[PDB]
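This report refers to the structure that appears directly beneath it.
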Amino acid sequence: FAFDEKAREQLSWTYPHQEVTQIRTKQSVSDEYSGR
Amino acid sequence: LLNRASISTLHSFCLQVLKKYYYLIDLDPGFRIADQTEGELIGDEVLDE
Amino acid sequence: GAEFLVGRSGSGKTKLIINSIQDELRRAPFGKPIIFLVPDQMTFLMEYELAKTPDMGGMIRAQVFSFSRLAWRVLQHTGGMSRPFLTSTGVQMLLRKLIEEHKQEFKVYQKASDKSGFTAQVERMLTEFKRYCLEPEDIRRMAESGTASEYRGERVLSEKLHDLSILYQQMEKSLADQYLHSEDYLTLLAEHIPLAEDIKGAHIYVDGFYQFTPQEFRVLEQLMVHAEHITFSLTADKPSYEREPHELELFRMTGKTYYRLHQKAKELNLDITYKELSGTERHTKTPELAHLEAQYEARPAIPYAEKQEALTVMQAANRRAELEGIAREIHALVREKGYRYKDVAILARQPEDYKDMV
Amino acid sequence: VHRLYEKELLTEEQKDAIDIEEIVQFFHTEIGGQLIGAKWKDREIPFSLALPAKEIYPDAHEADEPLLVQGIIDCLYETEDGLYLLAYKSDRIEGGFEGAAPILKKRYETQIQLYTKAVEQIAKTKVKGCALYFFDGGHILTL
């Protein structure tokens, strides 16, 4: 159908930077914005 | 002033009054308004007692 | 030395400050301390930005502080940190004990003393009294100023202040010397700054603040004295230091704070400098948003005569449809227009309404 | 110790719990004497170091966005030789120290490299040698 091609890729899509979306930005080494 | 103006349901006004002068009667500030349901369910309880 | 950096939103202040601290790190890595003073929620944001450089990728000389962490630091040196700390709930617990015994002395709240929600209301009022440098004695003073003058509402008022004054002065006596209040650090910091020396010859930047509480204020002007250089970043439009803004002008807040600050720096005989940012920095590629920001206030507002792309208003059948509709938009932005999740931000005046669903 | 107590940087207990000897000992060690005599010195040095995500988390291998590793370098001092690092550890040792050294070395091995990394990358100078002091027995080891 008209959209047969787009539907295919969007369902098979992935977030390029995904594997960094769960990682804590700040990480302390020994403020609620960081982790251990 | 339209946001600070008093234009509302009478209940909405009463609320503003209670909040301001709560200390004149016996009312806990931060009081909560129970919906007609839980309110009735409390009536059933006190009744049975 | 005090520097007033001012301009409208999206003029590039914050960037201008970030870059400076960065070059300053570039030039003298081990130089005197650089203190970046921002609101609590802006701390981790600036920490990530500063350290974002090809050259260095981090910082040592510069630190990002909120009024709290700054106080905590200066105190781990000057002293007072080994003093036990009281939680807001701990204060309420104390308060409820006080309301009991001193109950019968209340001129007004005697009936309201019972209710458990009255302890939280007092606790919040005392907090506000410290932040605004008003001691029990002060409240006492005012409480009898409205006493015996006849404007009903004044009398009533003086009575509340009288009652508060009691619980207040009675809390102070129970917390005297052996306990530390959450809002006590700022006053403690302000009076420990003078003998904290590693903040002397230090460059400091304030940014992201619209206002300052008298207590916070007491910290800044004490920094203006002992610090070598201090810059104040304020979002406003050519504010004046001879008049406080009128009620109905957009920059009432920031304009107000500037005026005060500038006057404090004037009486404190400091060398002052000015930087006014005119052009748009954030919106140079986005005409519409650049217009919204510029014409936001004026009632004689000129309508935008160009095409619609960046700015759009949208109506949803309900908060679900709203979030669910925004969810797909964000996906369209990332997948098509090639954005990253980190570039999107969603704000709610009452986040409690959307929080669960989000 | 008493001044701290007065100024309230030390609780009544913390005060009584301190072993003065184990504190004075350090300054009789070589590292101690060196710390004393120096052109420049500073302690409790806060830092934030941007690193590629991988450098810490091997697990995920694709995204190299920088994360911030933040900490505090106990002590840094400068001599006519170079810049040196110093850290004091309350680890329990004696219960010789010859056998503990290897283990302790690997305990703080990763940490110390991040410290010098932070200094070397950010300050654009280099850290030659790093010492760790241990209050139990008053020992020292270099990395």
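Residues are named by chain letter and number: chains run A, B, ... in the order of the structure tokens, numbers start at 1 in each chain, and ligands are numbered from 1 in the order shown.
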Could you name the residues that touch residue B:26 at 12 Å or less, counting only C-alpha atoms, but leaving out those on the same chain fewer than 5 positions away, as JSON, numbers by chain?
-> {"B": [18, 19, 21, 31], "C": [109, 110, 111, 112, 113, 114, 115, 116, 117, 118]}
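Non-sequential neighbours of stretch 143-159 of chain C (distance at most 10 Å, separation of 6 or more positions within a chain, only C-alpha atoms) are residues 106, 107, 108, 109, 137 and 165 of chain C.
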For the residues selected in the previous step, produce a file with N, CA and C atoms as a JSON list (two decimals), in the first residue's frame.
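So selection-v5.json came out as:
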[["chain", "number", "residue", "atom", "x", "y", "z"],
["C", 106, "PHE", "N", -2.49, 31.90, 73.42],
["C", 106, "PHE", "CA", -2.87, 32.39, 72.10],
["C", 106, "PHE", "C", -4.08, 33.32, 72.16],
["C", 107, "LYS", "N", -4.00, 34.44, 71.45],
["C", 107, "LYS", "CA", -5.09, 35.40, 71.40],
["C", 107, "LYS", "C", -6.07, 35.10, 70.26],
["C", 108, "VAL", "N", -5.64, 34.26, 69.33],
["C", 108, "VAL", "CA", -6.44, 33.95, 68.15],
["C", 108, "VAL", "C", -6.49, 32.46, 67.83],
["C", 109, "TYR", "N", -5.32, 31.87, 67.63],
["C", 109, "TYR", "CA", -5.22, 30.49, 67.14],
["C", 109, "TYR", "C", -5.48, 29.43, 68.20],
["C", 137, "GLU", "N", 12.20, 38.51, 68.38],
["C", 137, "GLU", "CA", 12.13, 39.86, 68.93],
["C", 137, "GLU", "C", 11.48, 40.80, 67.93],
["C", 165, "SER", "N", 4.81, 34.75, 67.52],
["C", 165, "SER", "CA", 5.95, 35.25, 68.28],
["C", 165, "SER", "C", 6.30, 34.33, 69.45]]
Would you mind listing what lies within 7 Å of stretch 90-102 of chain C as JSON, numbers by chain, with only C-alpha atoms counted and same-chain residues fewer than 4 positions away left out?
-> {"C": [86, 113, 119, 120, 123, 167]}
Could you dump the residues just selected with N, CA and C atoms as a compact mmCIF listing (two decimals), in the first residue's frame?
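Printed below is selection.txt as written:
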# COMPACT_ATOMS: atom_id res chain seq x y z
N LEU C 86 18.20 19.46 61.91
CA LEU C 86 16.78 19.18 62.11
C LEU C 86 15.99 19.20 60.80
N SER C 113 -5.08 25.66 67.23
CA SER C 113 -3.87 25.00 67.71
C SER C 113 -3.99 23.49 67.62
N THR C 119 0.36 22.88 62.51
CA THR C 119 1.77 22.78 62.83
C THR C 119 2.62 22.99 61.58
N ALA C 120 2.11 22.53 60.44
CA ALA C 120 2.80 22.68 59.17
C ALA C 120 2.73 24.12 58.70
N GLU C 123 5.22 26.10 60.91
CA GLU C 123 6.57 25.71 60.51
C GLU C 123 6.98 26.44 59.24
N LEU C 167 5.37 30.83 70.00
CA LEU C 167 5.88 29.58 69.44
C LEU C 167 7.27 29.80 68.86
Between atom CA of residue C:342 and atom CA of residue C:330, distance in Å (one decimal) | 10.8 Å
Might you pull out every residue within 12 Å of residue D:27, with only C-alpha atoms counted and same-chain residues fewer than 2 positions away left off, and present them as a list in words?
-> residues 20, 21, 22, 23, 24, 25, 29, 30, 31, 32, 33, 34, 35, 36, 37, 133, 135, 138, 139 and 140 of chain D
Export N, CA and C atoms of the chosen residues as an mmCIF file, in the first residue's frame?
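Saved as result.cif:
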data_model
loop_
_atom_site.group_PDB
_atom_site.id
_atom_site.type_symbol
_atom_site.label_atom_id
_atom_site.label_comp_id
_atom_site.auth_asym_id
_atom_site.auth_seq_id
_atom_site.Cartn_x
_atom_site.Cartn_y
_atom_site.Cartn_z
ATOM 1 N N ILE D 20 46.037 10.426 68.246
ATOM 2 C CA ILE D 20 46.945 11.514 67.887
ATOM 3 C C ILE D 20 48.239 11.030 67.240
ATOM 4 N N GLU D 21 48.839 10.001 67.830
ATOM 5 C CA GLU D 21 50.082 9.432 67.323
ATOM 6 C C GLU D 21 49.975 9.101 65.837
ATOM 7 N N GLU D 22 48.950 8.332 65.481
ATOM 8 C CA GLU D 22 48.744 7.913 64.098
ATOM 9 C C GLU D 22 48.623 9.104 63.152
ATOM 10 N N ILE D 23 48.290 10.265 63.707
ATOM 11 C CA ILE D 23 48.197 11.491 62.925
ATOM 12 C C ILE D 23 49.550 12.189 62.830
ATOM 13 N N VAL D 24 50.265 12.247 63.949
ATOM 14 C CA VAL D 24 51.569 12.897 63.986
ATOM 15 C C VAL D 24 52.612 12.083 63.223
ATOM 16 N N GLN D 25 52.437 10.766 63.226
ATOM 17 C CA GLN D 25 53.376 9.855 62.579
ATOM 18 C C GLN D 25 53.682 10.246 61.137
ATOM 19 N N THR D 29 57.305 10.652 58.484
ATOM 20 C CA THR D 29 57.646 9.875 57.304
ATOM 21 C C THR D 29 58.297 10.794 56.280
ATOM 22 N N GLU D 30 58.921 10.208 55.263
ATOM 23 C CA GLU D 30 59.531 11.000 54.203
ATOM 24 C C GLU D 30 58.493 11.854 53.485
ATOM 25 N N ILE D 31 57.432 11.210 53.007
ATOM 26 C CA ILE D 31 56.348 11.913 52.331
ATOM 27 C C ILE D 31 55.885 13.098 53.167
ATOM 28 N N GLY D 32 55.752 12.878 54.471
ATOM 29 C CA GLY D 32 55.362 13.936 55.383
ATOM 30 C C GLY D 32 56.297 15.125 55.286
ATOM 31 N N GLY D 33 57.578 14.888 55.545
ATOM 32 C CA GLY D 33 58.577 15.939 55.471
ATOM 33 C C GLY D 33 58.530 16.683 54.150
ATOM 34 N N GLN D 34 58.327 15.942 53.065
ATOM 35 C CA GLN D 34 58.215 16.542 51.741
ATOM 36 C C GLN D 34 56.998 17.456 51.650
ATOM 37 N N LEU D 35 55.853 16.970 52.122
ATOM 38 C CA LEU D 35 54.639 17.775 52.117
ATOM 39 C C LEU D 35 54.888 19.107 52.813
ATOM 40 N N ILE D 36 55.467 19.043 54.008
ATOM 41 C CA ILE D 36 55.807 20.243 54.760
ATOM 42 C C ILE D 36 56.587 21.209 53.883
ATOM 43 N N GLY D 37 57.817 20.835 53.544
ATOM 44 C CA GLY D 37 58.651 21.656 52.685
ATOM 45 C C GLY D 37 58.254 21.564 51.225
ATOM 46 N N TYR D 133 48.799 7.039 52.633
ATOM 47 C CA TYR D 133 49.161 6.860 54.032
ATOM 48 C C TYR D 133 48.085 6.073 54.764
ATOM 49 N N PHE D 135 46.672 4.987 58.613
ATOM 50 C CA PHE D 135 46.722 5.318 60.029
ATOM 51 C C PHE D 135 47.046 4.111 60.902
ATOM 52 N N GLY D 138 50.788 3.427 60.606
ATOM 53 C CA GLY D 138 51.398 4.606 60.018
ATOM 54 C C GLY D 138 52.326 4.269 58.868
ATOM 55 N N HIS D 139 51.808 3.539 57.886
ATOM 56 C CA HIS D 139 52.607 3.102 56.748
ATOM 57 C C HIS D 139 52.437 4.020 55.543
ATOM 58 N N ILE D 140 53.203 3.745 54.491
ATOM 59 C CA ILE D 140 53.086 4.476 53.232
ATOM 60 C C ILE D 140 53.403 3.560 52.052
#
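Computed from the coordinates, the atom CA of residue C:228 to atom CA of residue C:202 distance equals 5.5 Å.
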Do you know which residues are at most 10 Å from residue D:82 counting only C-alpha atoms, after dropping those on the same chain fewer than 6 positions away, and could you put them as a PyMOL selection string?
-> chain D and resi 125-129
I need the chosen residues saved as a PDB file, in the first residue's frame, with N, CA and C atoms.
ATOM      1  N   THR D 125      49.098  19.509  33.299  1.00  0.00           N
ATOM      2  CA  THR D 125      50.402  19.182  33.854  1.00  0.00           C
ATOM      3  C   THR D 125      50.424  17.677  34.088  1.00  0.00           C
ATOM      4  N   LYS D 126      51.510  17.163  34.654  1.00  0.00           N
ATOM      5  CA  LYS D 126      51.606  15.729  34.910  1.00  0.00           C
ATOM      6  C   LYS D 126      51.902  15.427  36.377  1.00  0.00           C
ATOM      7  N   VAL D 127      51.351  14.324  36.869  1.00  0.00           N
ATOM      8  CA  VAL D 127      51.557  13.918  38.252  1.00  0.00           C
ATOM      9  C   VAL D 127      52.579  12.795  38.334  1.00  0.00           C
ATOM     10  N   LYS D 128      53.724  13.089  38.940  1.00  0.00           N
ATOM     11  CA  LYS D 128      54.761  12.082  39.134  1.00  0.00           C
ATOM     12  C   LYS D 128      54.638  11.424  40.505  1.00  0.00           C
ATOM     13  N   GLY D 129      54.312  10.136  40.514  1.00  0.00           N
ATOM     14  CA  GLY D 129      54.191   9.393  41.755  1.00  0.00           C
ATOM     15  C   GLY D 129      53.013   9.825  42.605  1.00  0.00           C
TER      16      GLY D 129
END
Select all residues from chain B having any atom no more than 6 Å from an atom of chain C (counting only C-alpha atoms, ignoring ligands), output as a PDB file with N, CA and C atoms, in the first residue's frame.
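Once written, part_5.pdb looks like this:
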ATOM      1  N   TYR B  23      -9.611  29.452  61.075  1.00  0.00           N
ATOM      2  CA  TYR B  23      -9.265  29.496  62.492  1.00  0.00           C
ATOM      3  C   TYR B  23     -10.399  30.000  63.380  1.00  0.00           C
ATOM      4  N   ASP B  28      -9.470  22.119  60.183  1.00  0.00           N
ATOM      5  CA  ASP B  28      -8.049  21.946  59.947  1.00  0.00           C
ATOM      6  C   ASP B  28      -7.679  22.534  58.592  1.00  0.00           C
ATOM      7  N   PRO B  29      -6.804  23.551  58.585  1.00  0.00           N
ATOM      8  CA  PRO B  29      -6.321  24.062  57.302  1.00  0.00           C
ATOM      9  C   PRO B  29      -5.642  22.926  56.556  1.00  0.00           C
TER      10      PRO B  29
END
Please report as a ChimeraX atom specification which residues of chain D come no farther than 9 Å from chain A, using only C-alpha atoms.
-> /D:48,53,60-72,111
Residues of chain D within 7 Å of chain C, counting only C-alpha atoms, as JSON, numbers by chain | {"D": [7, 8, 9, 10, 11, 46, 47, 48, 49, 50, 121, 122, 123]}
May I have the selected residues written with N, CA and C atoms, as a PDB file, in the first residue's frame?
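Okay, this is what ended up in out_30.pdb:
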ATOM      1  N   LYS D   7      35.115  24.677  67.231  1.00  0.00           N
ATOM      2  CA  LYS D   7      34.480  25.237  66.045  1.00  0.00           C
ATOM      3  C   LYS D   7      33.416  24.303  65.481  1.00  0.00           C
ATOM      4  N   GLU D   8      33.256  23.146  66.115  1.00  0.00           N
ATOM      5  CA  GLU D   8      32.232  22.178  65.732  1.00  0.00           C
ATOM      6  C   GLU D   8      32.468  21.516  64.375  1.00  0.00           C
ATOM      7  N   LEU D   9      33.717  21.164  64.080  1.00  0.00           N
ATOM      8  CA  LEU D   9      34.016  20.320  62.924  1.00  0.00           C
ATOM      9  C   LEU D   9      34.241  18.893  63.403  1.00  0.00           C
ATOM     10  N   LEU D  10      34.080  18.700  64.706  1.00  0.00           N
ATOM     11  CA  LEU D  10      34.302  17.409  65.335  1.00  0.00           C
ATOM     12  C   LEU D  10      33.285  17.197  66.450  1.00  0.00           C
ATOM     13  N   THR D  11      32.594  16.061  66.423  1.00  0.00           N
ATOM     14  CA  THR D  11      31.656  15.722  67.487  1.00  0.00           C
ATOM     15  C   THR D  11      32.429  15.285  68.727  1.00  0.00           C
ATOM     16  N   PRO D  46      38.337  19.551  45.029  1.00  0.00           N
ATOM     17  CA  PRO D  46      37.198  19.023  44.270  1.00  0.00           C
ATOM     18  C   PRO D  46      37.475  19.035  42.775  1.00  0.00           C
ATOM     19  N   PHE D  47      36.997  18.023  42.058  1.00  0.00           N
ATOM     20  CA  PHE D  47      37.172  17.975  40.611  1.00  0.00           C
ATOM     21  C   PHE D  47      36.034  17.243  39.913  1.00  0.00           C
ATOM     22  N   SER D  48      35.830  17.583  38.643  1.00  0.00           N
ATOM     23  CA  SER D  48      34.898  16.869  37.779  1.00  0.00           C
ATOM     24  C   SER D  48      35.611  16.554  36.469  1.00  0.00           C
ATOM     25  N   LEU D  49      35.596  15.285  36.080  1.00  0.00           N
ATOM     26  CA  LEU D  49      36.339  14.839  34.909  1.00  0.00           C
ATOM     27  C   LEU D  49      35.428  14.177  33.888  1.00  0.00           C
ATOM     28  N   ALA D  50      35.384  14.740  32.685  1.00  0.00           N
ATOM     29  CA  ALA D  50      34.572  14.188  31.606  1.00  0.00           C
ATOM     30  C   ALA D  50      35.281  13.019  30.927  1.00  0.00           C
ATOM     31  N   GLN D 121      44.785  15.709  32.684  1.00  0.00           N
ATOM     32  CA  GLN D 121      43.954  16.150  31.570  1.00  0.00           C
ATOM     33  C   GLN D 121      43.465  17.587  31.749  1.00  0.00           C
ATOM     34  N   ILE D 122      42.906  17.884  32.917  1.00  0.00           N
ATOM     35  CA  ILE D 122      42.324  19.198  33.170  1.00  0.00           C
ATOM     36  C   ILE D 122      43.380  20.291  33.348  1.00  0.00           C
ATOM     37  N   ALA D 123      44.363  20.035  34.205  1.00  0.00           N
ATOM     38  CA  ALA D 123      45.385  21.033  34.511  1.00  0.00           C
ATOM     39  C   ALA D 123      46.475  21.100  33.446  1.00  0.00           C
TER      40      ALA D 123
END
Do you know which residues are at most 7 Å from residue D:44 counting only C-alpha atoms, after dropping those on the same chain fewer than 3 positions away, and could you put them as an MDAnalysis selection string?
-> chainID D and resid 72:75
Extract the full set of strand (DSSP E or B) residues from stretch 208-299 of chain C according to DSSP on the backbone, and format it as a PyMOL selection string.
-> chain C and resi 229-235+272-277
Print the selection's residues with N, CA and C atoms to a file, as a PDB file, in the first residue's frame.
ATOM      1  N   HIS C 229      36.398  39.496  42.629  1.00  0.00           N
ATOM      2  CA  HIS C 229      35.469  39.851  41.562  1.00  0.00           C
ATOM      3  C   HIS C 229      34.150  39.097  41.700  1.00  0.00           C
ATOM      4  N   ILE C 230      33.053  39.773  41.370  1.00  0.00           N
ATOM      5  CA  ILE C 230      31.729  39.157  41.383  1.00  0.00           C
ATOM      6  C   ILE C 230      30.859  39.696  40.249  1.00  0.00           C
ATOM      7  N   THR C 231      30.265  38.789  39.480  1.00  0.00           N
ATOM      8  CA  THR C 231      29.406  39.180  38.369  1.00  0.00           C
ATOM      9  C   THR C 231      27.970  38.719  38.597  1.00  0.00           C
ATOM     10  N   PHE C 232      27.023  39.621  38.361  1.00  0.00           N
ATOM     11  CA  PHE C 232      25.611  39.303  38.512  1.00  0.00           C
ATOM     12  C   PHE C 232      24.915  39.223  37.157  1.00  0.00           C
ATOM     13  N   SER C 233      24.440  38.031  36.809  1.00  0.00           N
ATOM     14  CA  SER C 233      23.715  37.831  35.560  1.00  0.00           C
ATOM     15  C   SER C 233      22.215  37.929  35.801  1.00  0.00           C
ATOM     16  N   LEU C 234      21.588  38.934  35.198  1.00  0.00           N
ATOM     17  CA  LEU C 234      20.167  39.188  35.404  1.00  0.00           C
ATOM     18  C   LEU C 234      19.399  39.325  34.093  1.00  0.00           C
ATOM     19  N   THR C 235      18.302  38.582  33.981  1.00  0.00           N
ATOM     20  CA  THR C 235      17.458  38.633  32.794  1.00  0.00           C
ATOM     21  C   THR C 235      16.463  39.780  32.899  1.00  0.00           C
ATOM     22  N   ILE C 272      32.340  49.334  39.678  1.00  0.00           N
ATOM     23  CA  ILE C 272      31.255  48.691  38.945  1.00  0.00           C
ATOM     24  C   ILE C 272      31.447  48.764  37.434  1.00  0.00           C
ATOM     25  N   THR C 273      31.007  47.720  36.737  1.00  0.00           N
ATOM     26  CA  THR C 273      31.051  47.697  35.280  1.00  0.00           C
ATOM     27  C   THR C 273      29.752  47.124  34.716  1.00  0.00           C
ATOM     28  N   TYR C 274      29.416  47.507  33.488  1.00  0.00           N
ATOM     29  CA  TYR C 274      28.144  47.116  32.889  1.00  0.00           C
ATOM     30  C   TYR C 274      28.313  46.389  31.559  1.00  0.00           C
ATOM     31  N   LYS C 275      27.479  45.377  31.340  1.00  0.00           N
ATOM     32  CA  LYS C 275      27.400  44.699  30.051  1.00  0.00           C
ATOM     33  C   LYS C 275      25.944  44.446  29.680  1.00  0.00           C
ATOM     34  N   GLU C 276      25.465  45.151  28.661  1.00  0.00           N
ATOM     35  CA  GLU C 276      24.104  44.963  28.172  1.00  0.00           C
ATOM     36  C   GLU C 276      24.103  44.152  26.883  1.00  0.00           C
ATOM     37  N   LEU C 277      23.440  43.001  26.907  1.00  0.00           N
ATOM     38  CA  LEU C 277      23.339  42.155  25.721  1.00  0.00           C
ATOM     39  C   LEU C 277      22.073  42.471  24.927  1.00  0.00           C
TER      40      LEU C 277
END
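Atom pair atom CA of residue C:183 / atom CA of residue C:215: separated by 8.8 Å.
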Report as a PyMOL selection string: the residues of stretch 100-319 of chain C with a DSSP assignment of alpha helix (DSSP H), based on the backbone of this structure.
-> chain C and resi 100-101+117-131+136-143+154-174+184-192+214-226+252-267+287-295+319
